[PDB]
Amino acid sequence: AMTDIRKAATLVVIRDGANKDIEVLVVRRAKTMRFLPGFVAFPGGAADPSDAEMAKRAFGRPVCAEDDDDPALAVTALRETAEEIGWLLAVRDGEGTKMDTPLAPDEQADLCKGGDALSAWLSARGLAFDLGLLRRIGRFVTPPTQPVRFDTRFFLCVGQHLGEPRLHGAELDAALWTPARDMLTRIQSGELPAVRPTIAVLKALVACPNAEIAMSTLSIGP
Ligand SMILES: [Ca+2]
């Protein structure tokens, strides 16, 4: 009756792909999940307390940040992405050297234990996120007609350097780089379910000529 509106964030990782179309990392929730089984989405999830702590050690600020919680939510998005697909995006040290390697299976497994695992892994290394590599592209609150509600902050970043996503555990049954047009058609046709914000991001990416133009202009309006 008095539904929690859960703060969350999602990361839309893109690259310039085949046929001059943008490609994006998507994941699919396993049929065994209790909430939204089989839904396609981008990596993301609920805010954790260590997210704002890591944001205070971060470099820079998200492009098109408008609110005081944008740095913490950018971190939420980056953390959830590392847990889901095994890559830590936008990491650097004090000298500006970028991390460009994936997490080993064991480090991804350790990050999925939750708590302050990511904050600890970064702080043992003197590393932090460069939030300047993310663009705030939207904010969506689930309609009050829904029994489970989120207030989700969407960020965009470019992953032209990334290899393949790697899963940990059973929550997701698939993860891949897909042209945004391909995925959109599959949702519009009814083949795969997706929440409204997911569709609206895919349509924005399809209208966009390339990843540089997206990092300069992308915005999802309700
Ligand atoms: Ca997640």
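Residues numbered from 1 in each chain as written, not as in the entry; some residues may be left out. Heavy atoms only, no water.

Q: Sorry if this is basic, but what is going on with the pairing of strand β8 (residues 149–158) here?
A: Side-chain direction in a regular strand flips from residue to residue, so the side chains alternate between the two faces of the sheet. Of all 10 residues making up β8, 8 are buried, and the element is well covered by its neighbours. Across 10 bridges, the pairing between strand β1 (residues 5–16) and β8 is parallel. By the bridge assignment, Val13 is partnered in β8 with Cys157. Of the pairings in the sheet, the one linking strand β7 (residues 135–141) to β8 comprises 6 bridges and is antiparallel in character. Residue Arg139 lies in a different strand from β8, and its bridge partner there is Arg153. (Buried < 20%, exposed > 50% of the residue type's maximum accessible area, 1.4 Å probe, protein only. Helix = DSSP H or I, 4+ residues; strand = E, 2+ residues; numbered from the N terminus. Pairing = 2+ DSSP bridges.)

Q: Mind showing me how you'd approach the UniProt feature "domain: Nudix hydrolase" (unreviewed entry) in the protein here?
A: According to UniProt, the positions carrying the feature "domain: Nudix hydrolase" (unreviewed entry) are residues 5–200. Within residues 5–200, the helical portion is 26% and the strand portion 28%, while the C-alpha atoms at the span's ends are 21 Å from each other. (UniProt positions renumbered as here; feature names shortened; annotations may be inferred.)

Q: Explain the coordination of the calcium ion to me, please; I cannot follow it from the model alone.
A: Four donors placed tetrahedrally about a metal ideally form angles of 109.5 degrees, and six donors placed octahedrally ideally form angles of 90 or 180 degrees. Surrounding the calcium ion are the protein donor atoms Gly44 (O), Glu80 (OE) and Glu84 (OE), which sit 2.2 to 2.4 Å from the metal. Look at where the donors of the calcium ion fall in the sequence and you get G-x35-E-x3-E. Here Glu80 pairs with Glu84, and both are found in helix α2 (residues 70–85), just 4 residues apart, close to one helical turn. This pair shows no difference in class: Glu80 is buried, exactly as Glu84 is. (Donors = N, O, S within 2.8 Å, 3.2 Å for Na, K, Ca; no water.)

Q: What is the right way to read the side chain of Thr198 from this model?
A: Structurally, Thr198 can be placed in helix α6 (residues 196–207). Among all residues touching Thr198, those that are not within four sequence positions of it are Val40, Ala41 and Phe42. (Contact = heavy atoms within 4.5 Å.)

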